[PDB]
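Q: Residue numbers (the authors' numbering), protein chains in the order written: chain i, 5 to 107; chain b, 1 to 57; chain k, 14 to 131; chain g, 4 to 154.
C-beta: ideal position from N, C-alpha, C; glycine also.
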Amino acid sequence: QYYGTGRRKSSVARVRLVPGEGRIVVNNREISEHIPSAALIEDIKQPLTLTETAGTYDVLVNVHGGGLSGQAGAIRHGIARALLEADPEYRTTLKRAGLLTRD
Amino acid sequence: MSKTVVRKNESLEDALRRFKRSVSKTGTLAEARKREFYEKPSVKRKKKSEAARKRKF
Amino acid sequence: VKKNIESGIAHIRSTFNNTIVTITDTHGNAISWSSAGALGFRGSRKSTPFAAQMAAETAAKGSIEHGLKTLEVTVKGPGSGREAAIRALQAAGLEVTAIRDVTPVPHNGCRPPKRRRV
Amino acid sequence: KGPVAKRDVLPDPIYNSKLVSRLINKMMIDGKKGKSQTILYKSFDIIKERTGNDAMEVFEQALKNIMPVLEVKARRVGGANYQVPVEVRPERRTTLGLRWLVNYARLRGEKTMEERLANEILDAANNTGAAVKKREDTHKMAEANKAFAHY
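(1) At least one CB of chain g closer than 7 Å to the CB of k/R129: is that the case?
(2) Can you give me the C-alpha to C-alpha distance between k/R113 and k/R26, rounded to a whole angstrom?
(3) Between k/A51 and k/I36, is the Cβ-Cβ spacing less than 7 Å?
(4) With C-beta atoms as the reference, is k/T83 less than 7 Å away from k/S20?
(5) Along the chain, where does the beta strand (DSSP E) containing i/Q5 start, and where does it finish?
(6) Only counting the same chain, and skipping five residues up and downstream in sequence, which positions put a Cβ closer than 6 Å to that of k/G75?
(7) Given that i/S41 touches chain g, what residues does it touch there, using C-beta distances under 7 Å?
(8) For k/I77, which option in k/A64, k/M67, k/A105 and k/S57 has the closest C-alpha, if you only look at C-alpha atoms?
(9) Among residues of its own chain, excluding the 5 on either side of i/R85, which ones have a beta-carbon nearer than 6 Å to its beta-carbon?
(10) Under 7 Å Cβ-Cβ, which residues of chain k neighbour b/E31?
(11) Measuring alpha carbon to alpha carbon, tell me which of g/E74, g/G82 and g/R78 ends up nearest g/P93.
(12) Answer with buried or exposed for k/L81, where buried requires no fewer than 16 other C-beta atoms within 10 angstroms of its C-beta.
(13) What are the start and end residues of each continuous beta strand (DSSP E) run of 3 or more residues lying completely inside the region 29-101 of chain g, in chain order?
(14) In chain k, what lies closer than 8 Å to b/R53 by C-beta?
(15) Could you list which residues in chain g have their beta carbon closer than 8 Å to that of k/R100, in chain order?
(16) Can you pull the DSSP bridge partners for k/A23?
(17) With a floor of 3 residues, list each beta strand (DSSP E) that falls wholly inside the region 52-97 of chain i, ordered by position along the chain.
(18) Jot down the residue ranges of each uninterrupted beta strand (DSSP E) in the region 55-125 of chain k, minimum 3 residues, whole runs only, in chain order.
(19) Determine the closest residue to g/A128 out of g/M144, g/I50, g/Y44 and g/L22, with distance taken between C-alpha atoms.
(20) Does the beta-carbon of b/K44 have 16 or more other beta-carbons within 10 angstroms, so that it is buried, or is it exposed?
(21) Specify the secondary structure class of i/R11 as computed by DSSP and reduced to three states.
(22) At the level of alpha carbons, what is the spacing between b/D14 and g/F62?
(23) At a Cβ threshold of 7 Å, is k/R58 touching chain g?
(24) Give me whichever residues DSSP pairs with k/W46 in a beta bridge.
(25) Between g/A152 and chain k, is there a C-beta pair that is closer than 7 Å?
(26) Quick check: the region 49-67 of chain i against the region 20-29 of chain i, are at least 3 beta-carbon pairs closer than 8 Å?
(27) Any C-beta of chain i within less than 7 Å: which residues of the region 78-89 of chain g qualify?
(28) How would you label i/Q5, buried or exposed, when you count the other beta carbons within 10 angstroms and need 16 or more for buried?
(29) Just the C-alpha distance for b/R21 and b/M1, rounded to the nearest angstrom, thanks.
(30) Run through DSSP, which three-state label would i/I45 get?
(31) Could you please give me the residues that DSSP links to i/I28 through a beta bridge?
What follows is the structure, given as structure tokens:
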């Protein structure tokens, strides 16, 4: 059970990237159930599109703290961190993004 | 003015390169440029002893 | 009826306040002329290299109709516009022929006036 | 001292463009980027509706029209207060175009900023427009100050 923490602007993404089909749970909710304004939904999968990991891992998270934008940012940051810790093969590619800001 | 000598078969600035160098050996830059305002005889004489020796120019 | 001079001579007077461009024939007859004041520059911009450039350009494009194919340079006077003037004269397409060592250098002459500070 | 770096966020589903992202960053007031995003989306939708063409090309042409080539910078050399034309780098040109677009769009005056921006993009694609008045004034100033193309 790969684990990660998407710490960003007080919003922590307790992400556990386990092998699945591609489901993304946010505080026990659906993507559309939780986050309107899907402009950020496509952004969450930025690294998921840079590296081909479409539907092999599920994303179960308990995001505590922060607004909608900060929560989405923490979610994608934790996703990237957990994916890197799982398979660092594409770390050379993902080092050009990082997504670490200490905000 | 540098001289009456003509030069061709060069670029446009190649002529100015030698113009700005040959104009030094003529009074066009000193004799015709100092006498824009009067200079008293005393300072007129001291100016030579100052410049021609200190090599400030 | 128009005397189609083949080549002529140009007299340019550069100054800290104005620049004059005059194009003449072998005998010094006035062919064409232009100045920064004519271009439109009314302030101290008259003596600028750009103003001298425009004046030379206008004089050249005015004498081109008069017909002279080449010209001689007889620039004279203090100022920094003498460079842009000849630059525009060459860029206009009218190749220069020669130059002269003429200058108003006086031996003694008359004493200049009082300075600008007393 | 010296210059400093920076970056923005390009991805935008509705007419993806880095300049569109910069515009979204602009026109934002009170930290409300969502309002600006919605306004831009609805304005581009209205543009696509009224005009049977992609709003991307219209926006690009409006930017090409409003972008100022020459800037007139003031300079006080003595008691004259002269001005010096300046060549604007593409970054400054784009920023000035965005500024003029937003300002004159909000200055026009209509029932909604959406319609205001739509009509402004139209009057920019067609050179006749408010921001193009500013462009023409700047070009006139640069031409009148041509005497100081270089110090």
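A: Taking the structure as given:
(1) no
(2) Note on geometry: alpha-carbon atoms of k/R113 and k/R26 lie some 14 Å from one another.
(3) no
(4) yes
(5) Neither: i/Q5 is in no beta strand (DSSP E) and is coded neither H nor E.
(6) Closer than 6 Å at Cβ, skipping near neighbours: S45.
(7) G37
(8) k/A105
(9) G8
(10) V118
(11) g/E74
(12) buried
(13) 73-78 and 85-90
(14) The premise fails here: b/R53 is roughly 24 Å from chain k at the closest Cβ pair, so nothing lies under 8 Å.
(15) Near k/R100 there are no residues of chain g at all, since even the closest Cβ is about 13 Å away, more than 8 Å.
(16) k/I36 and k/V86
(17) 61-65
(18) For the region 55-125 of chain k, whole beta strand (DSSP E) runs of length 3 or above, ordered along the chain, are 83-86.
(19) Nearest of g/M144, g/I50, g/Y44 and g/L22 to g/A128, Cα basis: g/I50.
(20) exposed
(21) If DSSP states are grouped into helix, strand and coil, i/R11 belongs with coil.
(22) 49 Å
(23) yes
(24) k/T35
(25) yes
(26) yes
(27) none
(28) exposed
(29) Whole-angstrom Cα-Cα distance: 10 Å.
(30) helix
(31) i/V63
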